[PDB]
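Have a look below at one chain only, the form deposited without this ligand, in C-alpha cells format.
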C-alpha cells in the first residue's frame, strides 16, 4: 500500500480537520504549528508585548496523535535570509520558537522550505536546534524539481522566459539542497520532501536526485490531468516517476484545493493506490543497507549462502562437462576421476559433484576438505547417513593438508559475503601442489571489476559507523556488502584484476595494481566505488554479478563497496581516475585505493590499518 499524507495551510478546527482527512483515507497531516499569517514581533515595542496565547494548546490532541499523525510546518513569513536585518533577526527567533514547539509536541517530522539560493542563516538556526538536546525528530526540506522562476508562464512583456539550453541552470534546485545539506554537516535528521511540478524537467535533473535522502514526495492537485470520465489522473511521464519513488518507499503528500469539484480528495489518493497495485512486476533478486564482510559464519549464515539453486546447477554442469572431456566412453568403468572439494562447507558442492558424476555416468573418488570444524560435523554426518566410502571428509586447511594422492579436478567456491573469499588466489596456490600436471581447477578464472558510484544516503550510513577505541575515519577505509538498488553507477565497470587457476608462473605474485579511467557524462558527486566479479567455472559455463553479464536468479552474491573519506564533485565530460591495489603479506591480504582525478584523495587503508583478511 501507499503511506500517504494531506498538506493543509488552513486548519480552523484541529479536531474536525483531522477527522475530515482520516475519512478521506490519509495516514498523516502536514499542518502549521502557528497561524501562517500571525506575524510575531520579538524586539520592537509595543508589538513584542502582544497578549497571548501565541498558538493553540497541546491538550487538543493526544500524545499518540502528535507523535504519529501530525507533521509540522514552518510559517511562510519566516525568512532568516531576508535582505532586511529586522525581518532576519525576527525570523531567527520565530524559527527557534516553531522548532522548539514542534519538538515539545513530539512531532515525527517538520517541514522547512528551500525556495531560494541563499539559505545559510536558515541552515545555522536549524543546525543550532539539532545541537541543542538530542531528539528522534526529522526535518523535511521542501525542494521543488523545477524552481518557480523556471516554471512561470511566459506572460511578462519586457521579461521573456529563457528558451536556450542551460544544463547546470536546470539543476539549480539540487544545488539549493546540496549547499544546505553541506552547511548542516550531513545531519542524519535532515531529509528531502521533493515537490513535483506541472511539467517535469530533463532526465539528467531527475537523475541528480538519485542516492539523495528523499523521505517524502509532494504532489499538487494542479499537476493532475482530467480523464474522459472527470476523475484525476497523471501523465505517462509523471507515472514513471511515481514507480521510481514507490521503490524508494517515500511518503506521498497531496497539496492544494480540489480542482475536480464534481469528485473529491479521496480520488487523488485512489489513483496513487491504483499505481502501486498495478506497478511493474518484481524479480527473485527484488524478493541496514550496508553490512561488513562476515568472518564468524554460523549454521543460518551458511544456510542463506546455500540458498542459490542457479549457482550449484552451473557448478553441476561445469563438473559434468569436465568429466566427459577427461574420460571417454571406452574408459567409462575402468577410469576413476579423483575430485577434491576445497572449502566443502556443509556439503552443497559435494552433492553437486555427485549429481554431475551420475549425469556424466563416470567414476569419481571424492575428498571433502574444510577448515571449519563446525561445518565438518555437518559433512561427517552427511557422509555416514548418505554419501559413504565414496566421499572422504578431511578436517584440515587446504594450504597445509598432506593429500594421499594427486587430484584430477579441484572444486572451490566463494559463498555469500565471507571475508575469506578474498583469499581465494592464496588458498588455491597452496592447494595446487597436490593437483596433477594436467589437472583442472573449477573455477579456472576470476575477473574483478570496479565502477564509480554516487549515493549521498550510503555515504551518511558509512559516516554513522564511527566506533570508539579506533580511528574516527577507519569506517571509510573498509569494504561493505551493499544492494544494487541503493547506489547510482556513474560509468561502465572496467576490469580490475584477473586470477587464473592453476597458476603456471614460476614466481607467483598475487599482488595487484591498476589505474582505471572512467568517463563521466553527468554532473554528480562521487562517494565511492562498487566492485563486481565474473567467474569461469568451465569453458562456456559462467557466473557473474557484473550488471551487464549478471546471471539471472542469483541472490547469494552482492556487490562490494569501497567508500572515500571526502566526497568528490564530478562535472559533465570529466574523468574519474581510480588507483586500486590488492596487497598481500605472508600473513594478511588487504585492499588499498585512491582517487587522482578530477581531484586527489588520500590513499585509503595504508598497511591495512582499518581492514585486513588474515590468511
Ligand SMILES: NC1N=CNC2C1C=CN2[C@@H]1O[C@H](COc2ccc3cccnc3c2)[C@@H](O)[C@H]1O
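By rigid core we mean the largest C-alpha set that fits within 1.5 Å across both forms. Positions refer to the first chain, counted from 1.
What comes next is about the form deposited with this ligand bound, which does not appear here.
**Student:** Label the site open or blocked after overlaying this ligand from its pose in the deposited bound form onto the shown form by the C-alphas around the site (blocked when 3+ ligand atoms sit within 2.4 Å of backbone or C-beta).
**Tutor:** Blocked, going by where this ligand lands after superposition on the site C-alphas.
**Student:** Can residue 73 be called a contact residue for this ligand in the deposited bound form at 4.5 Å between heavy atoms?
**Tutor:** Taking the distances in the deposited bound form, the answer for residue 73 is no, it never comes within 4.5 Å of this ligand.
**Student:** Should residue 527 be counted as a contact of this ligand in the deposited bound form, where contact means heavy atoms within 4.5 Å?
**Tutor:** No, no contact at 4.5 Å.
**Student:** Whether residue 209 contacts this ligand in the deposited bound form should be assessed with a 4.5 Å heavy atom distance threshold; does it?
**Tutor:** Because no heavy atom of residue 209 falls inside 4.5 Å of this ligand in the deposited bound form, the answer is no.
**Student:** State yes or no: in the deposited bound form, is some non-hydrogen atom of residue 343 no more than 4.5 angstroms from a non-hydrogen atom of this ligand?
**Tutor:** Yes, residue 343 is a contact residue.
**Student:** Kindly confirm or deny that 372, 422 and 427 each have some heavy atom within 4.5 angstroms of this ligand in the deposited bound form.
**Tutor:** The answer is yes; 372, 422 and 427 each reach this ligand.
**Student:** So which of 292-300, 181-189, 74-82, 253-261 is the stretch with heavy atoms within 4.5 Å of this ligand in the deposited bound form?
**Tutor:** Selected stretch: 292-300.
**Student:** Name the single residue among 551, 556, 584, 574 that comes within 4.5 Å of this ligand in the deposited bound form, judging by heavy atoms.
**Tutor:** Partner contact (heavy atom, 4.5 Å) among the options: 556.
**Student:** To verify the annotation, which of these, 413, 477, 408, 98, has a non-hydrogen atom within 4.5 Å of this ligand in the deposited bound form?
**Tutor:** After the contact test, the surviving option is 413.
**Student:** Using the arrangement in the deposited bound form, list in sequence order the residues of 395-413 with any heavy atom within 4.5 angstroms of this ligand.
**Tutor:** Read in sequence order, the residues that approach this ligand (within 4.5 Å, in the deposited bound form) are 396, 397, 398, 399, 413.
**Student:** Might you check 233, 419, 196, 357 and identify the only one whose CA position changes by 2 Å or more between the shown form and the other one on rigid-core superposition?
**Tutor:** Single hit from the list, 419.
**Student:** Take the rigid core as the frame of reference and indicate whether the C-alpha of residue 277 shifts by 2 Å or more between the shown form and the other one.
**Tutor:** Where the cores coincide, residue 277 shows only a C-alpha shift between the shown form and the other one that is less than 2 Å.
**Student:** Establish whether a shift of 2 Å or more occurs at the C-alpha of residue 105 between the shown form and the other one, with the two forms superposed on the rigid core.
**Tutor:** Where the cores coincide, residue 105 shows only a C-alpha shift between the shown form and the other one that is less than 2 Å.
**Student:** Checking residue 295 here: with the core superposed, does its CA move 2 Å or more between the shown form and the other one?
**Tutor:** Shift at residue 295: 2 Å or more after core fit.
**Student:** Looking in the deposited bound form, decide if the C-alpha atoms of residue 425 and residue 419 are closer or farther than in the form shown; they differ by 3 Å or more.
**Tutor:** Distance between the C-alphas of residue 425 and residue 419: shorter in the deposited bound form, by 3 Å or more.
**Student:** So the Cα-Cα distance between residue 420 and residue 425 shifts by 3 Å or more in the deposited bound form; is it shorter or longer than what we see here?
**Tutor:** Relative to this form, closer in the deposited bound form.
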